[PDB]
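Comments concern the structure below.
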There are 4 protein chains.
Amino acid sequence: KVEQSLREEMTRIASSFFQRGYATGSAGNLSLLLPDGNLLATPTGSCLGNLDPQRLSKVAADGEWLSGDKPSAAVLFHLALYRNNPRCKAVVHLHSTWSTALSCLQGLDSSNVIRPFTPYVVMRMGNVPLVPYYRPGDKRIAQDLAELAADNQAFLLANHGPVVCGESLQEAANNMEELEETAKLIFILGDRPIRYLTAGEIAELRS
Amino acid sequence: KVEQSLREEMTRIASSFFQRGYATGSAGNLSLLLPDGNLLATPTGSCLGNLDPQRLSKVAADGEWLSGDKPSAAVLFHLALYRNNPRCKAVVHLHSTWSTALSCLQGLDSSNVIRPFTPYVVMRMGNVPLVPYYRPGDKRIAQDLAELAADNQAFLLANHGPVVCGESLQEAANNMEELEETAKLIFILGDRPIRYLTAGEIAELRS
Amino acid sequence: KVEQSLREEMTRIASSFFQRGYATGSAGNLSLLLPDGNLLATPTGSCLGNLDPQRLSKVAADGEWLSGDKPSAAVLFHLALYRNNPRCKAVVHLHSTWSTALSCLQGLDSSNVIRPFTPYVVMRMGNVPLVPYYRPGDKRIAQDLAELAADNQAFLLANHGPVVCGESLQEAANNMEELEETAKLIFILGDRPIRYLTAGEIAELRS
Amino acid sequence: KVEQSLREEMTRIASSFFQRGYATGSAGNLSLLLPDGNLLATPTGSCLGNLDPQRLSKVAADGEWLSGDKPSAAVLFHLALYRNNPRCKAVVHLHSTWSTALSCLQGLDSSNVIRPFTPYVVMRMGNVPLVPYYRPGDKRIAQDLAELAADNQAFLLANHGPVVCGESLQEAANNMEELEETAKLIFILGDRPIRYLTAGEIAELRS
């Protein structure tokens, strides 16, 4: 069954994030779009490193909890991204160290939080806009993500972490990994004179 | 048997801490409360990455070593936390890098060692008070933890590391992971202008 | 079959890089030389942590895709290294954090990007020249690597990462690991007074 | 057979060091003392993450290679430690990142390279003297380690890394892990005002 292999892929990818330090405790959740249009999401209060595939949540496009354990409360803004971007087929939301660290900085650019010095995040994602800080579970987190969903596939929630989309769970996972990697390079480079990509070198990647 | 699954869960969670770098050598110990009220703790001189479930220590509420290998000497303050907080059902004590690093700083706040810039540690734990430095195994470590046990679920022992409680071993592990994560962000952010959560944003999380 | 064990070794080594944080997402590719002279390379759009051995790409010396999935676009400069260094039997290309970080610095030395303070990179690789930044997939990346292939076994592509060769896949992997380790020490040491190896201590290692 | 379980323990411990980032490539070697007095050491050109237990080297006290693959060239100073400390039963030598980083600093103390701010390295090892930098394989590395072997169980080789002993392989591994952890805290704390252990707090640990 295709749904069974999708549940195992989510379990497998979730465990990978947990063992490699991307996921911290019960902080985070993943979701993908099944062929029929329904959602497959990690349940609430679930450690990403030991997920039960047959207990993964199943939510309809309108938000109706269909089967599996209770979905995570963060699924509310997962649905906002699917409803405003037809090319979004999977959402990866983690509180990875360096992306969450970047999101806690004053004077960030809410249109694109990283200035590119490597070509990969511009090629895969482009602009990473900043979502304002709200209490976890706030209505305005999902409402803001719905405004930016049509023309962005990655987002940085302030004092929270990144939220990355993709046309497949593997793609959204890889995109999340390159975003967290780029934020990690920002802090590593620090005050050193970085050779940023010039405006012309950026335009060659937007194609 | 429920006790068998609790022993395996402790072995499993311990190995996770070891493979992901939270536990260093034989430095650390875990304990949980069994349904009958007795304790299940990791034994002394035991590497958390290769625990034998059927050799885990079993200690009564009064401190009597019942079965299994010799319990860790740190179990003495584990019992202090259970005797002064009825909601404490598991204790996780590790010398994780960034929490232990934070505990070695001068001018720390002994009422709450971290100023929140992310909402999660305030939501799950609240205040992380500082326990003074003593020789490992000192009577005063357990005596101090008994004073703060009633109204705190996490503690930072100076020049030592963190000690986190929970209503379940999974909860105490997740809480430990978010505390160590927050101390890791402190050193990563460094002297950068951090956007701390304002007093009003903190009060919305204490509910 | 020898080819089967070479496919498994590539799968095994690739997974090791992925689980230990050297490989990030789909960023990277490995290749080795089979006894008959043909290439065995990781395919495009493939996560290094879950490679299928029987789907690894097979490319002839002239660049003809023979079997397996579509090879990575980076294979183009893999072939440039084999065609200009008969002792190169395997190529490891990853975007590891600290090597990629070093490659983003202004004022680097394009003849040797690291000044030795440990003896190991000088013993195994020697000089690590800098390849200019181009758009990923540019013809000039392979053309430049062909110029430096005869007398170098490691290369640092600016705003990109390292590219390391070896007389075996294990050797090229070990060389990559010591290069990334040395770049990691550079940023860790920072502005501290480092005791660099003197010119005489370097000459004793070039033998 | 006891020797078989010792070979598996060495293989198991070696893999743990490799997967957790302590060992980098083929850089490093482990050895322990068998009951009969002979040595069990990791062979040369061997990746610590995939050791064959039945191919581990076997060396007599006088240095005669008895069985298994060719022992590592670093075994020469392993034997120097056993011949000058009867309580040394295992030697762990790795080029771990932060210990190797510390060993590259000018103005180190050759009597004890770390000033204690945590009690654990003083309790387990005590003084960590500095061994001068020589070409890898130099006679003077083993000769210097033989001078300090009688009254020290850990050593820091300049521009090289740590070398830790123990009364068992598990003990030497745990000691190595706490030494590398302490060097990691040194760089993390940096220029921050550290609350070092006072002279009186150190004397309570030397007992």
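Each chain in the structure tokens gets a letter, A, B, ..., in the order shown, and its residues are numbered from 1; ligands are numbered from 1 in order too.
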Find the residues around residue 136 of chain A up to 9 Å (only C-alpha atoms counted), leave out those fewer than 4 positions away in its own chain, and share them as a PyMOL selection string.
-> (chain A and resi 73-74+141+160) or (chain B and resi 119-120+205)
Based on the selection just made, write N, CA, C and O atoms of those residues as a short mmCIF file (atom, residue, chain, number, x, y, z; two decimals), in the first residue's frame.
data_model
loop_
_atom_site.label_atom_id
_atom_site.label_comp_id
_atom_site.auth_asym_id
_atom_site.auth_seq_id
_atom_site.Cartn_x
_atom_site.Cartn_y
_atom_site.Cartn_z
N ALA A 73 -0.84 20.35 17.64
CA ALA A 73 -1.53 21.63 17.53
C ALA A 73 -0.95 22.50 16.42
O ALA A 73 -1.64 23.40 15.93
N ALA A 74 0.29 22.24 16.02
CA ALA A 74 0.92 22.98 14.93
C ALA A 74 0.35 22.63 13.57
O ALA A 74 0.61 23.36 12.60
N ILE A 141 -0.37 33.01 13.82
CA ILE A 141 0.74 32.30 13.19
C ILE A 141 0.28 31.66 11.89
O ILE A 141 0.94 31.78 10.85
N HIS A 160 11.19 30.99 17.69
CA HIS A 160 10.44 29.75 17.48
C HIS A 160 11.25 28.76 16.66
O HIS A 160 11.67 27.71 17.17
N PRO B 119 9.95 30.43 24.08
CA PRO B 119 8.87 30.23 25.04
C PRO B 119 8.84 28.86 25.70
O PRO B 119 8.07 28.67 26.65
N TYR B 120 9.67 27.91 25.26
CA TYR B 120 9.41 26.51 25.58
C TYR B 120 9.85 26.13 26.99
O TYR B 120 9.14 25.39 27.68
N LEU B 205 2.63 32.65 28.94
CA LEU B 205 3.08 31.26 28.93
C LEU B 205 2.97 30.57 30.28
O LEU B 205 2.92 29.34 30.33
#
Please identify all polymer residues within 12 Å of residue 1 of chain C, counting only C-alpha atoms, omitting same-chain residues fewer than 5 positions from it, and present them as a ChimeraX atom specification.
-> /C:6-8,34-35
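Straight-line separation from atom CA of residue 203 of chain B to atom CA of residue 106 of chain B: 27.7 Å.
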Atom CA of residue 91 of chain D to atom CA of residue 18 of chain D: how many Å, to one decimal?
-> 16.4 Å
Excluding residue 206 of chain C and any residue of its chain fewer than 6 positions from it, enumerate the residues within 12 Å of it, using only C-alpha atoms, and give them as a list in words.
-> residues 119, 120, 121, 122, 123, 124, 125, 126, 127, 199 and 200 of chain C; 135 of chain D
